[PDB]
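Novice: Before we start, here is the structure in question, set down as structure tokens.
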Amino acid sequence: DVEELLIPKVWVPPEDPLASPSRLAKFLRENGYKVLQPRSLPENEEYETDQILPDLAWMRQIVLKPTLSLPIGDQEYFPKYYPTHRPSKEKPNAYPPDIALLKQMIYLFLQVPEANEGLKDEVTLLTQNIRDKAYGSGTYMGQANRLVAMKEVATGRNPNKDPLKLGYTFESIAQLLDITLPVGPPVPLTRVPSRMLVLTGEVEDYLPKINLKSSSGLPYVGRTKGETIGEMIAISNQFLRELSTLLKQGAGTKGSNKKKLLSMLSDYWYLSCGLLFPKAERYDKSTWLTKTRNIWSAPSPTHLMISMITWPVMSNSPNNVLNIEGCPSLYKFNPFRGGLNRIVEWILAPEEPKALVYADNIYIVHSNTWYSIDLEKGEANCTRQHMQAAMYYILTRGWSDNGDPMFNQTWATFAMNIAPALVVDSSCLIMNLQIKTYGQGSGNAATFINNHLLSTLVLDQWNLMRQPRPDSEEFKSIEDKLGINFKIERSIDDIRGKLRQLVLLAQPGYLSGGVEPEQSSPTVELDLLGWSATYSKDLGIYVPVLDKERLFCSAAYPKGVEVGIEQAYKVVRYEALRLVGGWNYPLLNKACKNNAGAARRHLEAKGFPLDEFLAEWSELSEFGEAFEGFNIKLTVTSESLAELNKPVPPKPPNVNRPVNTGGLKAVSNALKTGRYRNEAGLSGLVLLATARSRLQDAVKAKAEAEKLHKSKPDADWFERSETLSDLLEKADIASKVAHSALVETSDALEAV
């Protein structure tokens, strides 16, 4: 019959049946997936840097190239993006399973003098992952197939819903976000990116962070952000200077300057088209053709501009469940330094129902059960109005002093009427094809906040129907109400009981008795942002362990480097596996330790500078994000696990508003009455007017909002909204229904 092996044969991936533009187009049209009429792009051409960025000429002589490549050519082209899929039928050895690890674990199991099926399970589990899975970037057929599935989440079973058509308003959503994502203040949003680098006659840097290794996007396919820094800033400068000019000229009287705007947006279409990057991961072999995650790689200028709004506000908002009463947020949670122990105490407390949120994740305890819930592809559910609501939130509570806008009408117009259209329901480039993106793109700079807002809406609706149990028809009905798909990934009955038993049943190991473990210590697999709980007798608290399935999945298929440094990367690999949770699993632990030891001894004898290589190991590791800015060595001992886990007081919260401690229930109940305050103030009205008026009438929209605010003493919001609606129509600057400024700029982006 059939041949069985201890060590799997090298897998040969199947042939990609869509590796051609003719076949891809055929498949998309077949499934009624929209293909756009292709727009072209001016060829990139060399230009002297000191002529485009004169106010940054000082940083060249005391940096970046002297010439910039700009999309300004006479001859045009249609852009092409052809990602390289690894591994493949032709080239199958890109990402081998860790056979050395498997052999070591088998070797050590054989040395143990008897029995022990509990040790053998480690071998069984690693072997099962090596067989079932493969690491790499899948296939075109998989990418395409994934695309068809989001067109389904967005337009099929439960089509996306504009939340404003459901009764929500910008302000009502913001007040939910006051609870679920509290934000503090960051220089005002009034400058082009060039003026975000100041010289004191030292230099001050106010520009967001971006990884120099990621792809630049349009118009620089095949180039990194690191190779296009000057260009990225140049294009953002140009774009914003043009927009402010347009807003300064206004509506030409009578609608003349309406062909300036369409001209500009059409010329900047490429700012709304992401590269469809195949996301590398541990996929199931059986679904190599039907499942490949995609990353929508934003054009680098679109990314710079959007994150100039989001980053400074979010990068100094460490506000969550740990440091604000009633806050459900897990934003910037870290399980080390007593982190996890504190969440477990939160679970253990008798209060229920209660909720936690992080982007597209909702954790609920109800009737002594723990429920982990995911939004079914968050991004795909997102509409433009969801994102403009996120923008409205960030500006009114991040970019405002008391209610006074700390932003231009230029930046206001970009935020409310351009950025959602660039990045939600726009387009993407795969092979040579320009095709629709349904929902928000997986890669963009507002992903976290847009998803977080989506989950916030789910929670609001959960509160509104008296907090039903998550596995009930009642809870399920929320998806119809909101057009937001979700599922239960996992639930755990008798959650408190199980968490309490961890204390009773903890086994000797590095964190209980300070010894090398003979036996695995029990856990509760919470999947709390990927973390489990276990009990440390040495510290007397709960400590994190990586979720067991994730851990063995990672062990099975290491990520690539993608002379001498190969042994050094193995030290990182194996020690980090231990550090994140391998320490709690006996065979995994020792095998990783032995293999790391052999790589270390090989390097010491060759005089390799290991200490220097590992100085910033966090960047070299798939787990590093959890260890960022802790300045800890890679060693894994009793002392290091203890030091990593030693409780540290949570840093104080940073809120730009008086701290709201009522909890989400109260704000939900107050809000269903349709009567609430304008907690946003003037900038709230400014942004309303900006959203509700034609794009080129933005300056007038603000002035009209300033007159209404001057009109008193804001109190009731709904009244305030309706009076401002009358003022906009009387000046004839308000746009017609179903022809909002947002819709206009979207249409002009797929003009051509």
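Each chain in the structure tokens gets a letter, A, B, ..., in the order shown, and its residues are numbered from 1; ligands are numbered from 1 in order too.
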Name all residues at most 9 Å from residue 396 (chain A) (count only C-alpha atoms; drop same-chain ones fewer than 5 positions away) and give them as a ChimeraX atom specification.

Specialist: /A:174,391,401,403-406,679-684,687

Novice: Looking only at the backbone, which of the residues in region 49-177 of chain A does DSSP tag as helix (DSSP H, G or I), as a PyMOL selection string?

Specialist: chain A and resi 49-52+54-56+58-61+99-111+117-132+140-155+163-165+170-177

Novice: Using only C-alpha atoms, which residues of region 167-250 of chain A come within 12 Å of region 694-718 of chain A, and what is the closest atom pair for each, with the distance in Å to one decimal? Give it as CSV, sorted by chain and residue number.

Specialist:
```
residue,atom,partner,partner_atom,distance
A:167,CA,A:718,CA,11.5
A:168,CA,A:718,CA,11.3
A:169,CA,A:718,CA,9.3
A:170,CA,A:717,CA,10.5
A:171,CA,A:717,CA,8.0
A:172,CA,A:717,CA,9.2
A:175,CA,A:717,CA,11.8
A:243,CA,A:696,CA,9.2
A:244,CA,A:696,CA,9.6
A:245,CA,A:696,CA,10.0
A:246,CA,A:696,CA,6.7
A:247,CA,A:696,CA,5.2
A:248,CA,A:699,CA,7.5
A:249,CA,A:696,CA,8.0
A:250,CA,A:696,CA,4.8
```

Novice: Could the residues in this selection be written to a file with C-alpha atoms, as a PDB file, in the first residue's frame?

Specialist:
```pdb
ATOM      1  CA  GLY A 167     -27.819  56.156  12.936  1.00  0.00           C
ATOM      2  CA  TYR A 168     -24.196  56.717  13.914  1.00  0.00           C
ATOM      3  CA  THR A 169     -22.641  60.138  13.489  1.00  0.00           C
ATOM      4  CA  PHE A 170     -18.976  61.175  13.492  1.00  0.00           C
ATOM      5  CA  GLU A 171     -19.334  62.435  17.056  1.00  0.00           C
ATOM      6  CA  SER A 172     -21.297  59.483  18.400  1.00  0.00           C
ATOM      7  CA  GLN A 175     -17.506  59.168  22.021  1.00  0.00           C
ATOM      8  CA  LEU A 243      -4.303  71.042  -2.993  1.00  0.00           C
ATOM      9  CA  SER A 244      -3.900  74.197  -0.932  1.00  0.00           C
ATOM     10  CA  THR A 245      -3.727  76.289  -4.128  1.00  0.00           C
ATOM     11  CA  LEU A 246      -6.950  74.635  -5.337  1.00  0.00           C
ATOM     12  CA  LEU A 247      -8.591  75.409  -1.969  1.00  0.00           C
ATOM     13  CA  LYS A 248      -7.300  78.996  -2.097  1.00  0.00           C
ATOM     14  CA  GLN A 249      -8.848  79.538  -5.568  1.00  0.00           C
ATOM     15  CA  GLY A 250     -12.058  77.851  -4.331  1.00  0.00           C
TER      16      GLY A 250
END
```

Novice: Distance CA of residue 363 (chain A)-CA of residue 489 (chain A), one decimal place?

Specialist: 10.3 Å

Novice: Would you return as a count of residues only the members of region 411-600 of chain A that DSSP assigns to strand (DSSP E or B) on this structure's backbone?

Specialist: 38

Novice: Taking 6 positions as the minimum chain separation for residues in the same chain, which residues sit within 8 Å of residue 746 (chain A) when counting only C-alpha atoms? Answer as a PDB file with C-alpha atoms, in the first residue's frame.

Specialist:
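Contents of selection05.pdb, as written:
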```pdb
ATOM      1  CA  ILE A 418      -9.111  62.343   0.078  1.00  0.00           C
ATOM      2  CA  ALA A 421     -10.741  57.355  -1.071  1.00  0.00           C
ATOM      3  CA  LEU A 422      -7.043  56.637  -1.705  1.00  0.00           C
ATOM      4  CA  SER A 426      -9.783  52.041  -4.518  1.00  0.00           C
TER       5      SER A 426
END
```

Novice: From the set A:482, A:556, A:390, A:153, which residue has the shortest atom-to-atom contact distance to residue 452 (chain A), counting only C-alpha atoms?

Specialist: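 Ranked by minimum distance to residue 452 (chain A), first place goes to A:390.
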
Novice: Counting only C-alpha atoms, figure out which residue out of A:412, A:588, A:148, A:355 gets nearest to residue 689 (chain A).

Specialist: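 Nearest to residue 689 (chain A): A:412.
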
Novice: Taking into account only C-alpha atoms, which residue in the set A:123, A:207, A:636, A:308 is nearest to residue 445 (chain A)?

Specialist: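 Checking each of A:123, A:207, A:636, A:308 against residue 445 (chain A), counting only C-alpha atoms, the winner is A:308.
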